[PDB]
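A.B. asks: Chains as they are written, first to last, in our numbering: chain A, 159 to 210; chain B, 2 to 446; chain C, 56 to 434; chain D, 203 to 300; chain E, 97 to 127; chain F, 40 to 95. Every residue, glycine too, gets a C-beta built ideally from N, C-alpha and C. Pasting a structure here, questions to come.
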Ligand code: HEM
Ligand code: HEM
C-alpha cells in the first residue's frame with residue numbers, strides 16, 4: 159500500500175489523470191461558488207458582480 | 002546478428018510493370034518451391050445489387066475449364082507436377098496462386114494466364130456450379146463466425162456495396178447467367194488492376210519475361226467507356242440481432258469505423274488491439290495472461306473465445322472485437338471489453354504499449370513465413386498500398402508509437418463513437434444499443 | 056408445492072434474516088446487545104410517539120406540557136420516564152456493542168463497521184436533539200453551549216451557528232426544528248440499521264474465536280431467537296428497575312426548571328453518555344481544537360480496520376492487547392467521570408492525561424502491541 | 203531468555219487450552235483462504251476438526267484436561283509453508299504491476 | 097459445420113496420422 | 040461547422056462537459072433573472088414599490 163501504489167506505472171497513471179482530476183476540482187470549485195453565491199469570488203467576474 | 006541486422010537483409014520485393022499495366026513483382030530467397038499468383042482488384046465492393054455474387058461464380062468456374070485447356074486437363078496438369086492450385090475472393094481482392102516448385106515456373110505462369118484470360122464460362126458448367134454455390138451457402142449458414150461477420154458488414158456499411166456479401170444473396174446465384182459473368186470478367190479482370198506476384202526460388206527477370214510472353218494479350222480498355230469507379234462507403238453505426246435461442250453460444254461482434262489501408266494510424270491501432278489481445282478456452286494461459294480482459298475471462302470462465310480484428314478496406318474499415326460466449330455472459334463482456342477500450346483511450350501505460358509493440362512485431366514477422374504468405378503480402382500490398390512495405394519500415398513505424406500515440410489514436414477512433422454491434426443466437430442479456438453507446442464514453446473522463 | 060416461508064418474498068427475506076440464517080454456535084452473550092439495540096430502538100419509537108401526542112413544541116408551553124404528561128395524562132409518567140431511561144439503555148447497549156466490535160475484531164467487516172459508525176453519529180445527534188425538547192435549564196444551556204461550539208469553524212462558523220439556531224440564540228425556532236429532526240431521525244436510523252444487517256448477512260457473524268465458523272453453524276431460529284428473548288427480558292428488567300425505582304438516577308435535577316435565559320446553572324454538563332467526548336473537548340484549550348478532538352473521538356473508529364496489524368482477528372488469544380483494551384475502557388470511564396466534574400485542578404490535568412492516553416492507546420499502543428504480538432508467535 | 207518469554211506467552215495465549223494448533227488462530231484474508239484451499243486433504247480435515255471442536259468448547263465455555271493441550275514443541279507450523287508461497291506469489295504480482 | 101457437396105468434403109479425408117497441438121498463446125489445433 | 044468545433048473543443052470530455060455546464064449556469068442565472076425581472080417590471084410599470092420610492 160505504501161509501496162505497492164508507489165510505482166513508475168502508477169506515477170504515469172497519476173500524470174494521465176492529473177488534467178481530468180484537476181479540472182474536476184475546478185468544476186467542483188466553480189459549482190460551490192455558484193451554489194453558495196460566494197460574493198468574495200463573484201465580485202470579480204464581470205457582468206455577474208452586477209447582481210449584487 | 003541482431004534484429005535490426007536481420008531485418009535489413011529481407012530480400013527485396015523488386016517490382017516492375019509491362020506495357021499493359023500488369024505489375025510484376027517477385028522475391029527470391031533460396032527455396033526450390035515458389036508461389037506464383039495474380040491478385041485482381043475485383044470483389045464484392047465492386048458488385049451492384051443485381052449482379053452481386055458474380056465474382057464468386059467466376060472464381061468457382063475459373064479452374065473448371067479454359068479455351069486452350071479443355072477442362073479437367075487443367076487439373077491433370079496441376080496435379081501431375083504436385084502443384085496445389087488455390088484461389089480466394091474477399092470483398093476487395095480476388096486472387097489465384099499456383100503454389101509449386103521453382104523449376105515448374107514457366108508452366109505455372111502459363112496455367113495462370115489461361116485461367117485469368119481464357120475462361121470457358123460454359124453454360125452447362127455454370128448450371129452445375131449453380132447448385133454447388135447454393136450448397137456452399139448452406140455450409141456457411143452453419144459457420145457462426147462467418148454469418149456474424151456478414152451481419153457486421155450488412156449493419157455497418159448499410160446502403161453501400163461494401164455491405165454486400167461476397168458470395169451473394171441466394172437469389173442472384175439462381176439468376177446469374179453467362180452474360181453477367183462475362184461482363185464481370187471483361188470489366189474487372191483488367192491488366193492495370195492485376196499483380197503477378199511470385200515468391201521463393203523465382204527470378205525477377207524470369208517472371209518479367211514469362212509475363213511478357215504470356216500476359217501480353219491482356220488489355221486495359223474498358224469496353225465502350227464503362228469504367229467502374231471506386232465508390233466511398235458510409236459507416237452507419239447501427240445494430241442487428243438475429244436471435245436464435247436454440248444455438249449453443251452467442252456470437253457477438255462489435256466494431257467502430259477504423260482507418261483505411263493507407264492511413265498510418267493503422268500501425269498504432271493494431272498495437273492497441275494487441276494490448277487487448279485474443280483468447281480461446283483452450284489456451285492454458287488462464288489467469289496469468291497479460292491482457293486484462295483475457296485474465297478476467299479466464300478467471301471467471303466468462304467467454305469461450307474472444308478475438309479482436311482490424312478489417313481494413315480502401316477508404317474505411319472495421320475495428321473492434323468478436324466474442325463467443327454463453328447466454329449469461331454477453332453483458333458482462335460488453336462491460337469489460339468496452340471498459341478496456343475506454344481505459345486504453347484514457348490510461349494507456351508504457352508497459353502495455355511495449356507489450357503491444359512486441360506482439361505486433363512478432364505477428365508481422367511470423368506471418369511472413371513461407372513462400373505463399375510472402376506471395377500474399379506482395380499481391381495485397383501492391384494493390385492496397387501501391388508498394389510492398391519492407392519489414393524495416395514496419396519496424397520504424399512501430400518504434401514511432403508510444404503511450405501518448407496510442408491514447409491519442411484510440412481517443413480519435415474509439416472514444417464516443419457510435420459502434421456497429423451485430424449479434425446472433427441466444428442474445429438476451431445483450432445490452433440495448435443505448436447502453437452500448439453510453440458505455441462508449443466514460444463519465445470520469 | 057413450495058414452503059411459504061422460503062417462497063413468499065416477504066417471508067423469504069424474514070427467513071434469510073432471522074429464521075434460517077447460519078450463525079456461529081459459540082457467539083457469547085455479548086452479541087445479544089445487537090438485538091437489544093434494535094429492541095431499544097423499537098421501544099424508543101413507540102414511547103416517542105406517545106410523547107409526541109401530548110407535547111407542544113413552543114417555548115411558552117414546552118416544559119409545562121411535559122409536566123402535563125407526568126401529572127395529568129393517564130399513565131403518562133411511565134411513558135415519559137420510559138423514554139428518558141430507555142435513551143440511557145440505548146447508549147449503554149451502543150457502547151457495549153462498540154466495545155464488542157473492538158474486542159473480537161468485528162471491525163474487519165468494513166462496510167458494517169462504517170455503517171455502524173454512521174448509526175452512532177445519528178444516534179448521538181438524535182439523543183442530543185431530544186434532550187433539548189423538555190426545555191429545562193439543562194436543555195437550554197446545553198444546546199446553547201453545543202451550538203456555540205460550531206462558531207469555532209473557520210470562515211463559515213458564525214453563519215452556521217446562526218443558521219442552526221434559526222436566529223441569534225436557542226429559542227422557539229431552534230426548539231421546533233429540534234422537535235422535527237428528533238421526530239424524523241429515528242426512522243433514518245431504522246433504515247440504516249436495516250442496511251447494517253444487510254451488509255452483515257453477506258459475510259455472516261464473527262465468533263469470539265475469530266476463526267471462520269463455516270463448519271460449525273446452527274439455524275438462528277430455534278436457539279438465538281430464545282437467547283435474544285432472554286437478553287431482551289434482562290434488559291427490560293434493568294430498564295424497568297431504572298424507570299420504576301430511580302427514574303431520575305441518570306438525570307440532572309436542574310432539568311426540572313423552566314429554561315430561563317437570564318440565569319445559568321452553577322454547573323453545566325451534558326447527559327452521562329455525552330461526557331466521554333465532552334471532557335475530551337475540555338482537555339484541548341483551543342476552541343477549534345476542541346471541536347476537532349470531539350469529532351475525532353468518534354471518527355477514530357473508522358481507522359480501526361486499517362490500524363489492525365495482529366495476524367489474529369480476535370483478541371481472545373492476545374493477552375497484552377487485552378490489557379491494552381481494558382486500559383482503554385478504564386480510561387473511557389475516567390473521561391466520563393471527569394466530564395461531569397467542574398473544570399479545576401486537578402481535573403484539568405487528569406482530563407488532559409486521559410484524552411492523551413486514549414488517543415495513544417487507539418493509534419499507537421494497540422498496533423505496536425500487535426506487532427510485538429506477532430513476533431512472539433514466530434510470525 | 204527470549205524462548206522463555208515465548209513459551210510463557212504460548213501458555214498465556216489460551217488457544218493451546220482448546221487443543222488449537224497455532225495456525226488455526228490466524229485471521230482469514232484472501233491470502234489465508236487461498237493458502238487453506240491449497241492444503242492437502244488430511245491437513246485440511248484435521249484443521250476443520252480442530253476448529254469445530256474448539257468452537258464447541260468456546261460455546262460451552264470449557265477447556266480440555268491438562269493432558270490434551272498442544273505443547274510448545276508439538277505446535278507444528280503447517281499453514282506457514284503454503285502461506286509464505288502465497289505471499290511470495292502476491293508480491294511477485296504486485297512487483298510486476300509496479 | 098456440415099458438408100453436402102464434393103467440394104466441401106474435398107480435403108476432409110485424413111491421410112496422415114493425427115498430431116495434437118496446443119500452445120500457451122495460440123489455440124489448440126489437430127491434424 | 041460551429042457545432043462540431045464546440046463539440047470537439049468543449050463537449051467530448053465529461054469533465055469538460057461539467058465545467059461548461061457550471062459556467063453556463065453561472066451566466067444563465069444572471070441573464071435569466073435580469074430578463075425575467077425586467078419583463079415583470081415592464082408589465083406592471085408604475086404598480087411596484089420600486090417605481091414609487093422616488094415620490095416618498
Ligand atoms: C443503531 C444501533 C445499532 C443497531 C440496531 C445494530 C444492529 C446490529 C445487529 C442486530 C447486529 C447483529 C448482532 C450482533 O452481532 O451484535 C449487528 C452487528 C454488528 N454491528 Fe451493529 N447495530 C448498531 C450499531 C452499531 C455500531 C455503533 C457499530 C460500530 C460502529 C456496529 C457495528 C456492528 C458490527 C461490527 C457487527 C458485527 C458483529 C459480529 O459479527 O460479531 N453496530 N448490528
Ligand atoms: C432514537 C431513539 C430516540 C432517542 C434516543 C430519544 C431520546 C430522547 C431523549 C433523551 C429525550 C429527553 C427526555 C427527557 O429529557 O425527559 C427525548 C424526548 C423526546 N422524544 Fe425522543 N428519542 C428517541 C426517539 C423518539 C421518537 C421516534 C420520537 C417521536 C415519535 C420522540 C419524541 C420525543 C419527544 C416528544 C420528546 C419530549 C418529551 C420528553 O422530553 O420527555 N423520540 N428523546
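Per DSSP, which one or two residues make a beta bridge with residue 101(E)?
C.D. replies: As a first step, residue 101(E) must be located in the fifth chain, where it is residue number 5. Residue 101(E) pairs with nothing; no bridge assigned.
A.B. asks: Following a CB-centred definition, is residue 139(C) positioned closer than 7 Å to any heavy atom of ligand 2?
C.D. replies: As a position in the third chain, residue 139(C) is number 84, starting the count at 1. The answer is yes for residue 139(C).
A.B. asks: Can you tell me whether residue 93(C) sits near ligand 1, meaning its C-beta is under 7 Å from at least one heavy atom of the ligand?
C.D. replies: Start at 1 with the first residue of the third chain, and residue 93(C) comes out as number 38. True, at least one ligand heavy atom lies under 7 Å from that Cβ.
A.B. asks: Check whether the stretch 57-75 of chain B and the stretch 406-423 of chain B touch, using three or more Cβ-Cβ pairs below 8 Å as the test.
C.D. replies: They do not touch, by the three-pair rule.
A.B. asks: Under a Cβ-count criterion, where at least 16 other Cβ atoms within 10 Å of its own Cβ denotes burial, should residue 89(B) be classed as buried or exposed?
C.D. replies: As a working mapping, residue 89(B) is identified with position 88 in the second chain. With fewer than 16 Cβ atoms within 10 Å of its Cβ, residue 89(B) is classed as exposed.
A.B. asks: In terms of alpha-carbon separation, which member of 281(B), 310(B) and 308(B) lies closest to residue 299(B)?
C.D. replies: Position 298 of the second chain holds residue 299(B). Measuring from the Cα of residue 299(B), the nearest candidate turns out to be 281(B).
A.B. asks: When burial is assigned at 16 or more other CB atoms within 10 Å of the CB, is residue 57(B) buried or exposed?
C.D. replies: One-based indexing of the second chain puts residue 57(B) at position 56. Burial call: buried.
A.B. asks: By the 7 Å beta-carbon criterion, what residues does the stretch 181-205 of chain A contribute toward chain F?
C.D. replies: Per Cβ criterion, the list reads 181, 182, 184, 185, 188, 189, 192 and 205.
A.B. asks: What are the residues that DSSP puts in a beta bridge with residue 307(B)?
C.D. replies: Looking up residue 307(B) in the second chain gives position 306. Residue 307(B) is bridged to 280(B) and 324(B).
A.B. asks: So, with DSSP's three-state summary, where would you put residue 242(B)?
C.D. replies: Residue mapping note: residue 242(B) aligns to position 241 of the second chain, counting from 1. Three-state DSSP puts residue 242(B) in a strand.
A.B. asks: Taking just the CA atoms, how far does residue 7(B) sit from residue 174(B)?
C.D. replies: Taking the second chain and counting its residues from 1, one reaches residue 174(B) at position 173. Taking the second chain and counting its residues from 1, one reaches residue 7(B) at position 6. About 49 Å.
A.B. asks: State yes or no: is the beta carbon of residue 300(D) nearer than 8 Å to at least one beta carbon in chain A?
C.D. replies: Residue 300(D) sits at position 98 when you count from the first residue of the fourth chain. Output row for residue 300(D): interface = yes.
A.B. asks: Going by beta-carbon coordinates alone, are residue 322(C) and residue 71(C) separated by less than 8 Å?
C.D. replies: Along the third chain, one-based indexing puts residue 322(C) at 267. Along the third chain, one-based indexing puts residue 71(C) at 16. No.
A.B. asks: What did DSSP end up calling residue 177(C) once you bin it into helix, strand or coil?
C.D. replies: One-based indexing of the third chain puts residue 177(C) at position 122. Looking at residue 177(C) - three-state DSSP - the assignment turns out to be helix.
A.B. asks: Write down every uninterrupted run of the beta strand (DSSP E) in the stretch 162-228 of chain B whose length is 3 residues or greater and which is fully enclosed by it, in chain order.
C.D. replies: Entirely contained in the stretch 162-228 of chain B, the beta strand (DSSP E) runs reaching 3 residues are, in chain order, 196-201.
A.B. asks: Write down the C-beta distance between residue 205(B) and residue 27(B) rounded to the nearest angstrom, noting that I regard them as a contact closer than 8 Å.
C.D. replies: Indexing the second chain from 1 puts residue 205(B) at position 204. Indexing the second chain from 1 puts residue 27(B) at position 26. Going by Cβ atoms, the distance from residue 205(B) to residue 27(B) rounds to 4 Å, so yes, they are a contact pair.
A.B. asks: Which residues in the same chain have their Cβ closer than 7 Å to the Cβ of residue 98(C), if we skip the five residues on either side of it in sequence?
C.D. replies: Start at 1 with the first residue of the third chain, and residue 98(C) comes out as number 43. So the list reads 141, once near-sequence residues are dropped.
A.B. asks: Counting only Cβ pairs nearer than 7 Å, list the residues of chain C close to residue 250(D).
C.D. replies: Taking the fourth chain and counting its residues from 1, one reaches residue 250(D) at position 48. Within 7 Å Cβ-Cβ: 270.
A.B. asks: For residue 334(C), report the span of its alpha helix (DSSP H) as first-last.
C.D. replies: Counted from its first residue, the third chain places residue 334(C) at position 279. First-last of the alpha helix (DSSP H) with residue 334(C): 330-338.
A.B. asks: What does the alpha-carbon distance come out to for the pair residue 374(C) and residue 160(A)?
C.D. replies: In the third chain, the residue the question calls residue 374(C) occupies position 319. In the first chain, the residue the question calls residue 160(A) occupies position 2. Spanning the two alpha carbons is a distance of roughly 30 Å.
A.B. asks: The beta strand (DSSP E) that contains residue 447(B), what's its start and end?
C.D. replies: As displayed, chain B neither begins before 2 nor continues past 446, which places residue 447(B) out of reach and without an answer.
A.B. asks: How about residue 270(C) and residue 91(C): do their beta carbons lie closer than 8 Å?
C.D. replies: Here residue 270(C) is taken as the residue at index 215 of the third chain, counted from 1. Here residue 91(C) is taken as the residue at index 36 of the third chain, counted from 1. Not a contact, by the Cβ cut-off of 8 Å.
A.B. asks: Alpha carbons only, please: which of 288(C), 127(C) and 324(C) is nearest the one belonging to residue 305(C)?
C.D. replies: To locate residue 305(C), count along the third chain from 1; it is residue 250. Taking only the C-alpha atoms, the option nearest residue 305(C) is 324(C).
A.B. asks: Considering only C-alpha positions, which residue in the set 115(C), 200(C), 295(C) and 193(C) is nearest to residue 143(C)?
C.D. replies: Locating residue 143(C) in the third chain gives position 88, where the first residue counts as 1. For the residues 115(C), 200(C), 295(C) and 193(C), the minimum Cα distance to residue 143(C) belongs to 295(C).
A.B. asks: Can you list the beta strand (DSSP E) stretches of 3 or more residues lying completely in the stretch 252-316 of chain C, in chain order?
C.D. replies: List check, beta strand (DSSP E) in window: 272-274.
A.B. asks: Can the beta-carbon of residue 22(B) be found closer than 8 Å to that of residue 221(B)?
C.D. replies: Residue 22(B) sits at position 21 when you count from the first residue of the second chain. Residue 221(B) sits at position 220 when you count from the first residue of the second chain. A contact, by the Cβ cut-off of 8 Å.
A.B. asks: With residue 260(B) as the anchor, note down where its alpha helix (DSSP H) starts and where it stops.
C.D. replies: By one-based count along the second chain, residue 260(B) stands at place 259. That residue, residue 260(B), is in no alpha helix (DSSP H); it is neither H nor E in DSSP.
A.B. asks: Between residue 341(B) and residue 293(B), how many whole angstroms is the CB-CB distance? I'm expecting something under 8 Å.
C.D. replies: Translated into the one-based positions of the second chain, residue 341(B) becomes position 340. Translated into the one-based positions of the second chain, residue 293(B) becomes position 292. Residue 341(B) to residue 293(B), Cβ: 6 Å. Contact.
A.B. asks: Where residue 216(B) and residue 51(B) are concerned, what is the direct C-alpha to C-alpha distance, given to the nearest angstrom?
C.D. replies: Locating residue 216(B) in the second chain gives position 215, where the first residue counts as 1. Locating residue 51(B) in the second chain gives position 50, where the first residue counts as 1. Rounded to the nearest angstrom, the two C-alpha atoms are 31 Å apart.
A.B. asks: Using only CA atoms, which one of 264(B), 267(B), 238(B) and 263(B) lies nearest to residue 255(B)?
C.D. replies: Start at 1 with the first residue of the second chain, and residue 255(B) comes out as number 254. When only C-alpha atoms are compared, the closest one is 238(B).
A.B. asks: Going by C-alpha distance, which of 424(B), 109(B) and 172(B) is nearest residue 81(B)?
C.D. replies: Walking along the second chain from the start, residue 81(B) turns up at place 80. The candidate whose alpha carbon is nearest that of residue 81(B) is 109(B).
A.B. asks: How about residue 44(F): is its C-beta nearer than 8 Å to some C-beta of chain A?
C.D. replies: Your numbering for residue 44(F) matches position 5 in the sixth chain. Not one chain A Cβ lies under 8 Å of residue 44(F).
A.B. asks: Return yes when the C-beta of residue 88(C) is under 7 Å from any heavy atom of ligand 2, and no when it is not.
C.D. replies: Start at 1 with the first residue of the third chain, and residue 88(C) comes out as number 33. Checking every heavy atom of ligand 2 against the Cβ of residue 88(C), none is found closer than 7 Å.
A.B. asks: Identify the residues that DSSP records as bridge partners of residue 159(B): which are they?
C.D. replies: Start at 1 with the first residue of the second chain, and residue 159(B) comes out as number 158. Bridge partners of residue 159(B): none, in fact.
A.B. asks: If you measure from the CB of residue 121(C), is any heavy atom of ligand 2 nearer than 7 Å?
C.D. replies: Along the third chain, one-based indexing puts residue 121(C) at 66. Answer for residue 121(C): yes, Cβ within range of ligand 2.
A.B. asks: Taking the beta carbon of residue 251(C) as the centre, do at least 16 other beta carbons fall within 10 Å, making it buried, or is it exposed?
C.D. replies: The residue given as residue 251(C) occupies position 196 in the third chain. Residue 251(C) should be labelled buried.
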